[PDB]
Every structure is written in structure tokens, then in C-alpha cells.
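The chain that follows stands alone, in the form deposited in one PDB entry, written as C-alpha cells.
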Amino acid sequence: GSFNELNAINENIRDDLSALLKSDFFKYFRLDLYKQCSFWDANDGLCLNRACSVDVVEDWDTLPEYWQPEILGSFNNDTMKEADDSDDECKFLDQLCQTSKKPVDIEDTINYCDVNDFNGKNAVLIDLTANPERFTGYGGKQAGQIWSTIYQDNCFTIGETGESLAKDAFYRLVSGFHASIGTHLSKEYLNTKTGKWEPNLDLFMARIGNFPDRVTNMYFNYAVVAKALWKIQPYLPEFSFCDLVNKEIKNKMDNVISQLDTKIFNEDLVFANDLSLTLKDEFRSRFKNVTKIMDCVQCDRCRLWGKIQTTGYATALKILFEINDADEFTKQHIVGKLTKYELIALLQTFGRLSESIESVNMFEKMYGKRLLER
């Protein structure tokens, strides 16, 4: 029954959210090309023995050279650009249009990236519109080990208030995230017979359709992210007005968020009121580690989007935990302190979840039509 309300909300914002995500302000994301995987060599030592590929398509050996996993998951050249230490993504929403640099800086220098701890040994700005999440063929042992490690590190301090609650929330968030990716690779699948990317109903049923709970987890994630966006809206500063190109972005983000109001928000989705300060920080800490293990993903596009969504979820949790027991002054502070980096992650993550719900609707129709066919 809650699918009805959430999906209704999503039908109305779907197109407005899409256009926003395509704007100059939100279309790029800062990514460090240098991987720090605490296990195997992520950078060089490319994945051998297909320990990073999926059997799926009968056999890749019978498919053309340019349709292998390493290519389907690679970045587009003519899109990304070098990221400087002045990258707006490192700045706080408060520093974006601070009344003609109210914070002086008419001399010396100010490295916001280095300050806010963006120690990327080699960061670049990727065009998310030209590098969409899609089926890349990535999978196998590495993919499975990464997912397992993530799910297996669901261990909070015993003796705490809601240790069971935190454990359930963490699992659902990861599951919705995992499912979200499964829905996208099913929606954006490469038909090795026409070279066209098209919906693959059979894959979807296998990764999602026949496991209703994965669908439920995506709606849960959608509500969590939507609630975090709803919670910050009243404290968003005028972060875009001073920029000619993105002048209306702040207002256009308001158009979307305002259409999200639902009674579902009255619910304590991540148990903010039931988790001790110790679990809240442990919970947050687990997600940063998820964001870290993303460096072990060999597939580049998968890593980019993984970094985006995990960061998106970490931001949502930060918002919902902190804004919970906070006065108005603290709320403006909390929202004003989010980085552009974090806001892009949060909104882009909401975009992935919005498209996933839409894709489920779409696949359910394909399913219904194929059955009416036979």
C-alpha cells in the first residue's frame, strides 16, 4: 500500500528530477582515479581469469571484441576534465555564493578541497550524463566477494539500545542499493544481436522480479533519501543564484522536493529516535567503509556509481540522524555544511532510485504483455 503512495510521488517528479540531474550544477561528480583497495591491486594488475566477469551471455568468446566487460564498463574520454583544488564540489553549500566572497580571500589562497579532506591523489570531474549506470558485464568472484564483505560487516556493538534495529536498517539500505543496480543493468542491457541497449525482462525477473523483497528495499531506500531531501529543504541556502548558468537550480530543486511530502515521513525510517549515539556513529562509520571498498571494484562505471550511491546513503543518514534532535540554528548549520559533493551524491542517488521504481513499473508491463501474448 505504501508502494502506491511512493510511486505516485515518483510519477509526478520523475521528469522534473531528470532535468535537474542533467543541469550543469548536478551533472558532474568528483572521482579519484587512484584506487586504494585494501585487498588486491585495484589500479593496475587488471582482473585476470574473468574473476570480475559474468557468465550471463552464454559466452563472450563468441561475441565481438568491443563488447567485453572491460569495455562496457569503461569511461568515455571526451567527457571528463581535470579537477582543480578550487573544485566547487569541495565547498560547503554556504561557501558557494557567500555574498561576493564574504569570506575575504582577495589574496593568499584557499584550498577548500584539501581542507574538507578531499585528498584525492588524482581527481577528475566526470560527466554523469555521458557515463550512465548500465549493464557492464562485471560480476564473478570479485563482485560476489565485494557484496558479501559488505553484507557480512553488518555487526554493531552488542548491549546497545537498537543493535538489532541498526542491523536491519543497514541490511535494507545495502539490499535496496544492490537491487537498484540489478534493476539498472536489466533495464540498460546490451542485445549482442543488434548492438542496441534495451530492456531485458528475463534478466530483471532473475535479479528482481522473482524476489519481491528486493523491490521493497528499493522503496525503503527511496523513502529514506526522499525524507532526507525533505528534511533539508527549509534550510537550503541560496547556493546557485550568483551563478548565471545555475541561477535557478536552487529553486528548481525546491520544485521537486516540495512534491515529496508524504505521511510516510512521520515514520522513523532509520530509527533515529531509537539508536544510541554509539550506534549512530557506528552505522555512519560502516557506510564510509562501504564507500571505501568501492575502490576494489575493477569496473570503472560501476565504481563511479557505487561511490555516488554509497556517498548518497551516507549523506542521507547524516541528515536524518543529526537533524533529528536539533534546534533550528543547528538545522541551518547542518544543511549549510553539506558539501556540493554530498548534495550531488544525495540527489543523483535519489535519481537512481527514481529510475529504478520507474523501471519496475515498466518491467511489470512487459511481463504482463508477454503473458497476454501466450
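Heads up: residue numbers just count along the shown sequence, starting at 1. Heads up, when I say rigid core I mean the largest set of C-alphas that superpose within 1.5 Å between the two forms.
In what follows, reference is made to the form deposited in another entry, a form of this protein that is not presented.
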Practice problem: Superpose on the rigid core and name the single residue from 33, 57, 63, 323 whose Cα moves by 2 angstroms or more between the shown form and the other one. | Solution: 57
Quiz item: residue 133: with the rigid core matched between the shown form and the other one, does its Cα shift 2 Å or more?
Solution: no
Quiz prompt | Residue shift check between the shown form and the other one, rigid core fit, residue 295 Cα at least 2 Å | solution = no
Practice problem: Would you tell me if residue 88 moves between the shown form and the other one by 2 Å or more at its C-alpha, with the rigid core held superposed? | Solution: no
Self-check item: Cα separation of residue 153 and residue 51 in that other deposited form versus here, shift of 3 Å or more
Solution: farther
Quiz item: Given that the CA-CA distance for residue 55 and residue 35 shifts by 3 Å or more in that other deposited form, does it become closer or farther?
Solution: closer
